[PDB]
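Below sits a lone chain in C-alpha cells, taken as the form deposited in one PDB entry.
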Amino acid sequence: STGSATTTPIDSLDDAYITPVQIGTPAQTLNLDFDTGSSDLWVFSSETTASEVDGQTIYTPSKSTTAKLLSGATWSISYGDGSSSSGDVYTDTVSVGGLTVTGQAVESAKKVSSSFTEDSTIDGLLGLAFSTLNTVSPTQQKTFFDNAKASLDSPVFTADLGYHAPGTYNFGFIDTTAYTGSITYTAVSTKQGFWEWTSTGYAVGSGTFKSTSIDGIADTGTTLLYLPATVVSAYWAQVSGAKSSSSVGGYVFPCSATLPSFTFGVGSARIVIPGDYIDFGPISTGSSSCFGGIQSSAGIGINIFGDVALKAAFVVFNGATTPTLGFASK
C-alpha cells in the first residue's frame, strides 16, 4: 500500500504545516501537524476542557463506530518549546492520503497548553519519530508509520515541504519526479528516539564550505533551523545590522536586508536554503525588525533541522531495519 497527502502552511510565514487525517467511522477529518520529532498522535476532542478549545475541529469518539477506549491508558507530553498536552486514549481507524491503519492509538486531549489553544488551525499532532518516544502509559503505543510499515510497498515516508506553498507527505514510495539530481542517504542514530543524523558542514552565502560534523535531528514539527552558536554567528555576521536580542529571544535583522543563503552538507552533497526562507518577518506588526530563521541551539541541547532546512529538500525517512535519511535538492 501507499498514501499521499498534501500538507499546507498554516499561515503566510510557514510557521507549521497541516495535513488532513481521517479518524473513525464515519470519517472525522482533522488537520494535524505531522511531527518527525515526536511519537504521539493526539487530537483535540470532545473530552478537551471546553475553555481550552478555540476554533479547532474536534474528534468525538462516541460518534465513531470503530472507536474503542484503550482502558487505563493515559498520555502526557511536554515538547522542546514548553507546550504540553495530556489525556486518555482510544483506538480507531486512521487514514492519511488513502493509507489506512486499523487499531491506531488516537490520544484524546483532556488538557492542552496556551500555544495549542491559540493555534485554531492545528487540531492535533501526528508523531513520526520512533515509537520508543511515545508517551502512552502503561502500554506504550506505536506511531502511525510503525503500524503502517509492514503493509507499505517500501518502509519509508517522504517530506516535501513547500516554501510559502503546499507540499506533500508520501508513505510507502519515493516519487522520483519530486526532486532533482540524486538522493544522498546518511546514517541515522535512533538512540534518542529521533531521526538523528550528522551533517558534514555548512556554507554562508557564496562563502567557502566549512567541513565540520553537526549532529542534529530532522524535525518537521519545528519551524526554524537551530544550530551551534558558532555557525549561527557566522551566518548573521553577513547581515548588516543583525544581532541577537535577549528581549526578543534570538537573532533579529533589519527588515530591509537581503539575506544570504545557507548551505548544509549531507555527505558529499549540499542542500541550499535560499535567503528568503530565513526571513520570519516583523517581530511585531509594523516593526522594521525581522525575526531570523536560523537560531542558536545552545539552550536546547540538540541541533534541529526544522522546516527552514527541510523545506529546501526532498527528504526520505527510511524506516528499514537500519533506518537512514535521504536528502535531495528539488
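For every residue, the number given is its place in the sequence shown, counted from 1.
Stretches 82 to 90 and 232 to 240 differ in mean C-alpha B factor, with the higher average recorded for 82 to 90. Here 202 to 210 and 217 to 225 are compared by their mean Cα B-factor, and 202 to 210 comes out higher.
Across the options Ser120, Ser95, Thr184, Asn170, the residue with the most elevated CA B-factor in the record is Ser120. Looking only at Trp195, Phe253, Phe157, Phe116, the residue with the top Cα B factor in the deposited structure is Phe116. For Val248, the recorded CA B-factor ranks within the highest third of the chain. Only modelled residues enter the ranking. Among all modelled residues in this chain, the alpha-carbon of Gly127 has a temperature factor (C-alpha) in the lowest third. In the PDB entry, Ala67 places in the highest third of its chain by CA B-factor. Among the modelled residues of its chain, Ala269 has a C-alpha B-factor that falls in the middle third, as given in the PDB entry. Sort the modelled residues of the chain by CA B factor and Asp35 lands in the lowest third.
Not pictured, yet referred to below: the form solved in complex with a small molecule.
The contact with the small molecule in the deposited complex, taken as any heavy atom within 4.5 Å, belongs to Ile304 out of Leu41, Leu30, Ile273, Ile304. Taking the partner from the other structure, the small molecule in the deposited complex has no heavy atom within 4.5 Å of any heavy atom of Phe171. Taking non-hydrogen atoms only, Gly207 never approaches the small molecule to within 4.5 angstroms in the deposited complex. In the deposited complex, no heavy atom of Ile58 sits within 4.5 Å of the small molecule. The shortest heavy atom separation between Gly80 and the small molecule in the deposited complex is within 4.5 Å.
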